Amino acid sequence: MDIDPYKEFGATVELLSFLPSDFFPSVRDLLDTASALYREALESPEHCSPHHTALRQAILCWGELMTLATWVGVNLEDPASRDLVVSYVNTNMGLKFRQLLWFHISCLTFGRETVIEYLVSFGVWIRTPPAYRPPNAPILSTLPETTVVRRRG
Amino acid sequence: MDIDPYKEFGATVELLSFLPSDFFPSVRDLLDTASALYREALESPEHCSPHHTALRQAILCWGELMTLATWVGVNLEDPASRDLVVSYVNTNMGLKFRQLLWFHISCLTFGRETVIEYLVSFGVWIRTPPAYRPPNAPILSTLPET
Amino acid sequence: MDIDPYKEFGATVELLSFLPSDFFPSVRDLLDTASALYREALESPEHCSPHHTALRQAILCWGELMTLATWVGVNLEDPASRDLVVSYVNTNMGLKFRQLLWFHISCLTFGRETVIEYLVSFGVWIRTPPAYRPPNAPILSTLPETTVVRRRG
Amino acid sequence: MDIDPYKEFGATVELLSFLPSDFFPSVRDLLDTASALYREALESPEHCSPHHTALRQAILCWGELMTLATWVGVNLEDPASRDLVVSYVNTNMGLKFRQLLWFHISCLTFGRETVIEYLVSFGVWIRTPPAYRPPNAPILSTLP
Amino acid sequence: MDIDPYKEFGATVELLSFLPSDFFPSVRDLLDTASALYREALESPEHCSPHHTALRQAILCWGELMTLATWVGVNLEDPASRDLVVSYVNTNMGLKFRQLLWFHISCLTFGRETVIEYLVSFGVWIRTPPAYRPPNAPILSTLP
Amino acid sequence: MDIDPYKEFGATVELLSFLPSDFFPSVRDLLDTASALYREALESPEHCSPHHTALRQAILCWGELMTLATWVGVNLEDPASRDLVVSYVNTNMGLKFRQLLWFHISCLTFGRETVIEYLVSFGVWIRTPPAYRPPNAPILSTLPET
């Protein structure tokens with residue numbers, strides 16, 4: 001069974017592979033962002049969108065994993081094995097979770113098509129050799145770098 | 001965050017717990033059923049249903065867990081711990097997976113409302129003493145009654 | 001009870017927690033700004049806005065804190081203890097005060113939705129690792145080019 | 001900045017001065033009453049009223065005060081100072097908290113007009129010389 | 001199952017906590033009042049009100065409790081245990097029964113809105129420090 | 001009586017204090033600017049503006065203070081006191097004069113509302129940490145943007 005988590009969203013694992021593995025934020029930062037913005041929609045009984053469904057299942061899965069980590073911590077007869085297992089989950093499996101969280105959380109705030117155009121643009125930027133690479137890398141945002149606001153009444 | 005996977009589908013973890021743990025098929029039987037019925041849909045480029053989205057994520061997750069199991073098998077020199085961890089994955093997480101696979105696969109085969117009614121009515125049938133219930137265990141079926 | 005100061009205003013502690021401690025002005029600077037812009041409204045008997053009320057509350061709380069600080073400085077007869085307490089109040093409770101003063105003062109000047117959007121984008125920026133982060137942070141300012149010309153008709 | 005806590009709500013510090021300091025209920029009791037009647041409203045994202053906002057502000061700051069008190073209780077190596085500081089926060093910063101908690105919690109239950117009317121009458125009563133002061137001090141109630 | 005006895009009737013266990021345990025009247029007196037005023041309604045086949053149903057449930061269960069107490073009084077061959085068990089049922093299961101009997105019997109006589117309004121006011125009174133607490137505690141009455 | 005010179009002009013002593021004392025130009029620069037731009041108007045027979053009236057009174061007052069300074073210089077035999085008094089006039093009263101001259105001269109050059117907005121926005125810019133503000137100090141200007 002060759003499922004790609006992104007195929008139904010029109011992305012691919014190769015397109016996100018355009019991003020380097022150290023690009024993605026920490027798990028803590030992504031979970032904090034998700035809790036702050038979409039905790040009330042994610043916990044709702046509505047099929048708000050496929051992004052919410054995916055994000056929900058993934059959070060439950062990461063939870064079952066952290067539970068496994070705590071279980072290994074309390075029920076093992078070896079510190080080395082205990083460390084080896086905890087590291088694999090918080091490192092190898094973590095990178096995968098960080099990538100999915102970023103895509104969905106970014107597709108829900110910025111919008112899917114914005115994320116695909118971002119991925120293409122960043123791919124072009126990072127492929128460029130550093131000698132000719134401009135300093136300002138592409139970034140997802142709504143507002144201009146410097147915002148002009150004045151209020152009157 | 002506090003989430004039930006079933007809340008968007010109108011079910012609850014309590015309702016799935018209502019049926020006994022022995023009821024749900026093996027992971028092998030559920031994965032073979034899901035592949036045979038729905039492989040082409042799950043691999044499709046489109047959100048055929050939220051049931052498909054959930055199933056996709058879950059299958060990817062079980063794949064990752066089995067990869068972890070193989071990794072422990074090959075890297076963990078300690079066999080006592082090796083067995084302990086491999087067993088936890090295929091017992092606890094195995095039963096969490098079996099329940100979800102059964103629900104989604106069954107909701108696609110027989111329809112969600114049918115599965116919810118089946119969960120309620122089978123749970124009450126198991127609770128009922130055998131002298132005062134219909135003699136056969138309730139089963140989902142797709143054949144016409146004639 | 002569990003109360004979030006910004007929940008009523010459409011923001012969360014998580015959303016504001018991304019701002020670094022270097023970002024907020026000093027207590028003096030914020031109290032000067034609040035008094036200069038909004039003193040006559042804050043002293044007013046009408047409730048101009050909930051933010052105005054929140055600012056009054058925070059100001060009174062900081063005043064009571066500085067009062068207890070002077071008390072210890074004149075009451076506590078230990079030079080070591082005197083310092084520990086005075087420092088905790090100007091540093092820990094000081095940074096908490098600076099964060100709230102900035103939010104309300106800025107929500108009064110720019111507008112609440114503007115401030116929340118700024119927070120979201122600045123968060124996206126501070127979460128980007130420095131190797132990929134654009135070198136200048138997003139800015140919320142009332143000046144487009146720090147040059148004031150006579151207004152058009 | 002000459003901010004008055006009650007000026008926006010139509011009262012003054014002088015008017016509250018009419019009540020004696022001892023009259024105000026203990027912090028624990030006031031907090032329990034607030035939790036019992038308004039916990040859901042206080043934690044809600046809507047601005048129910050200005051008084052609700054003021055009560056939240058008072059709560060979160062008293063919380064910060066108890067946090068600093070806990071900080072001196074775990075860090076200060078002097079039992080003399082440790083005691084002095086904690087005593088100024090539970091007695092001196094607590095009598096101000098008690099006053100504000102009473103005004104807002106009472107304006108939410110009875111109504112602010114009623115609360116301010118009760119401040120004038122209690123004043124008249126405490127001013128009455130004991131030979132003529134009636135044994136029943138004024139009390140707030142919602143009885144029909 | 002986190003069932004709250006008074007939640008359906010618009011009250012909470014926290015709100016009833018405001019009254020002291022000693023305040024509630026004795027079981028015998030409450031049962032006599034219920035019999036005197038509502039015996040016919042309670043025994044009727046119609047559902048007069050939800051409160052009437054709750055009162056019937058409370059009565060029939062207290063009856064079962066006294067039945068089990070009678071059972072330990074006639075079967076247990078130990079006077080030590082016989083006493084202990086019976087004492088937990090008349091004191092510990094009796095204070096809960098007294099609370100429910102009071103709420104429902106009082107909601108039937110006064111009205112539930114009135115009963116809940118009396119719970120807030122008694123709270124205000126018991127919170128008042130004794131130096132200012134008036135000698136007349138709040139009381140329910142039907143006087144016009 | 002309690003008067004702010006700025007109250008009739010919609011400003012306050014607090015708002016002028018908001019800008020740092022170092023900001024305002026010297027008395028020489030302000031008097032030269034006022035003479036060059038507005039001498040003919042200030043000397044005119046008419047109330048061109050309340051800004052002109054205020055400026056007129058203030059200039060006459062500074063003239064009187066400078067006369068007092070010269071008088072002390074020539075009559076006061078004591079040099080310690082002579083220096084002490086001359087310094088007080090050109091430091092304290094000097095900064096009170098510099099602030100008022102800047103406000104009125106600037107209100108005539110750029111318009112009152114522009115000057116009030118500049119006072120607010122420059123004060124907030126000085127308060128803002130340098131990493132999170134526009135890099136240049138706000139300046140009043142009369143040139144078109146093109």
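So that the names make sense, note that chain A is the first sequence line, chain B the second, and so on, each numbered from 1.
Other residues, nucleotides and ligands contribute over 12 non-hydrogen atoms within 6.0 Å of the CG atom of C:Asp22. Heavy-atom contacts from other residues, nucleotides or ligands closer than 6.0 Å to CZ of A:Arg39 number 12 or fewer.
Heavy-atom pairs under 4.5 Å with chain A were tallied for C:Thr109, C:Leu143, C:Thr128; the largest tally goes to C:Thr109. Interface check for chain C: of the options A:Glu145, A:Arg151, A:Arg150, the most heavy-atom pairs under 4.5 Å are formed by A:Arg151. Chosen from C:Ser121, C:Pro129, C:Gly123, C:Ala131, the residue pairing most often with chain A at heavy-atom distances under 4.5 Å is C:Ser121. Among the candidates A:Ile139, A:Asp32, A:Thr146, the residue making the largest number of heavy-atom pairs closer than 4.5 Å to chain C is A:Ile139. Highest contact tally toward chain A, considering only C:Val124, C:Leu140, C:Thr12, is held by C:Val124 [criterion: heavy-atom pairs under 4.5 Å].
A:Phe23 and C:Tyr132 have tilted rings, their planes meeting at an angle from 30° to 60° on a 0 to 90° scale.
Neither the backbone nor the side chain of C:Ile116 comes within contact range of chain A; no heavy atoms are under 4.5 Å apart. With a 4.5 Å cut-off on non-hydrogen atoms, C:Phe122 does not touch chain A at all. In this structure, no portion of C:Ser17 lies under 4.5 Å from any heavy atom of chain A. Of the atoms belonging to A:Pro20, it is side-chain heavy atoms, and not backbone ones, that fall under 4.5 Å from chain C. The parts of C:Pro144 that come within reach of chain A are both its backbone and its side chain, each placing non-hydrogen atoms under 4.5 angstrom from that chain.
Under 3.5 Å, the side chains of C:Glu117 and A:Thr142 contain a donor-acceptor pair of N or O atoms.
Nearest heavy atom pair, residue A:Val149 against residue C:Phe110, reads CG1-O, 3.5 Å. Listed here is the closest heavy atom pair of A:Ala137 and C:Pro134: O-CG, 4.0 Å.
Between A:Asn136 and C:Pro135 the shortest side-chain heavy-atom distance falls below 4.5 Å.
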